Amino acid sequence: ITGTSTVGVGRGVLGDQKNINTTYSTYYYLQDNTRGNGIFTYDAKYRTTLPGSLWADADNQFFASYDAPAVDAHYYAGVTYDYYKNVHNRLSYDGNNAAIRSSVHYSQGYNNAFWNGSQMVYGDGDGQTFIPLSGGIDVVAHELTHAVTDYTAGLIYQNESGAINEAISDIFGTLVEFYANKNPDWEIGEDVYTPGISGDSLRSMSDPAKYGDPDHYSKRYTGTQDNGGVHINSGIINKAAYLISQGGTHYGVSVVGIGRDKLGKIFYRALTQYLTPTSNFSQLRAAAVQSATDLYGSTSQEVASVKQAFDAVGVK
Ligand SMILES: N[C@@H](CCCC[NH3+])C(=O)O
Ligand SMILES: [Ca+2]
Ligand SMILES: [Ca+2]
Ligand SMILES: [Ca+2]
Ligand SMILES: [Ca+2]
Ligand SMILES: [Zn+2]
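Start counting the sequence shown at 1; every next residue gets the next number (the entry's author numbering).
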């Protein structure tokens, strides 16, 4: 909508207060004009029609329980925008400041979130498996990262290319969580998963096997569930990324860590310069090796660490 830029205040899913960028024209709308062509947050009103209505509020205060998922979808889309812009010099998901659109209150009891090709979509959860999923910065950034992958490598959402697509979203979702730096970790979705259970998460990058996901290529899933295991086999790449950043010894193979910033630079360059829609895990290794070579030199520690990490997870 056309209007004047304003700053509202609200509470997110976990009860934390934050300022949000709004637009005033009769109502205050969840429209942030300060980032590219805008960040726009919508109310799906417990239905499945998308996007629903641009979120309108009478007073620019967003403290109602119903408001919380909207607050966080909006705010964490902004943080994600800022990460890509400030860290990778990327302007929105398409690199040309495309508008970022999110809908909250999708369906009833919906225990998921997704990128639908055009926008982000968040369920409220059923209150047992999940609380509203926009409460997780890693979740928000994971979903927005699918848009980045759509516009870049375009990894096909099936089998190995699909597992890479998922891993890229877990890697950058995690790096955005570290960027914001509020109790960051190498786990996915802990802030919105199972409110009744402390200390769990949907997936772990540091130990994928804690939630039954493979941590070595020899344990890969080759069945048909989950588009050929895209959320399962992602653990193999997630583990490699974790090892590249943090180091460790895994099935007897030692990896010298090079840290998160370098992990992000290597994988951002791989994603945007070398991966293609059909890339498999072996091709990801080559892309990461070439990217690290470009950035740091062929005999560098960074290249050595990329190679050791993929060796450690069985990807040649
Ligand atoms: N995002 C994952 C996990 C959701 C958990 C199941 N409700 C998937 O779509 O497979
Ligand atoms: Ca209000
Ligand atoms: Ca965390
Ligand atoms: Ca996390
Ligand atoms: Ca939990
Ligand atoms: Zn995903």
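By construction, the Cβ of each residue, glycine as well, lies at the ideal position given by its N, Cα and C atoms.
heavy atom of ligand 6 below 7 Å from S169 C-beta: yes
Distance CB(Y42)-CB(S102) smaller than 8 Å: yes
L243 beta carbon less than 8 Å from that of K265: no
Coarse secondary structure for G8, derived from DSSP in three states: strand
Sufficient close CB pairs (3 or more, under 8 Å) joining the region 168-182 to the region 247-254: no
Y83, enclosing alpha helix (DSSP H) - first and last residue: 68-88
Meets three-Cβ-pair contact criterion under 8 Å: the region 76-90 and the region 126-144: yes
Beta-carbon proximity of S298 to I258, cut-off 8 Å: no
Of the residues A58, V71, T48, the one placed nearest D32, counting alpha carbons only: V71
Whether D213 touches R203 by CB criterion (8 Å): yes
Ligand 5 heavy atom lying under 7 Å from the CB of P69: no
Ligand 5 heavy atom lying under 7 Å from the CB of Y268: no
Assigned secondary structure, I20 (DSSP; H/G/I helix, E/B strand, else coil): strand
Three or more C-beta pairs below 8 Å linking the region 226-233 and the region 162-169: yes
Beta-ladder partner(s) of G248, from DSSP: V255
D261, buried or exposed, once every other Cβ within 10 Å from all chains shown has been counted against 16: exposed
Collapsed DSSP secondary structure at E187 in the structure displayed: strand
Any heavy atom of ligand 3 within less than 7 Å of residue CB: hits in chain order: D138, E177, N183, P184, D185, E187, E190, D191
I131 to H74 span [Cα, whole Å]: 17 Å
According to DSSP, residues forming a beta bridge with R269: Answer by DSSP bridge pairing: none, since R269 is not bridged.
Boundaries of the beta strand (DSSP E) in which residue 382 is found, first to last residue: The shown model of the chain, from 1 to 316, leaves out residue 382, and the question about it has no answer.
DSSP beta-bridge partners of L54: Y42
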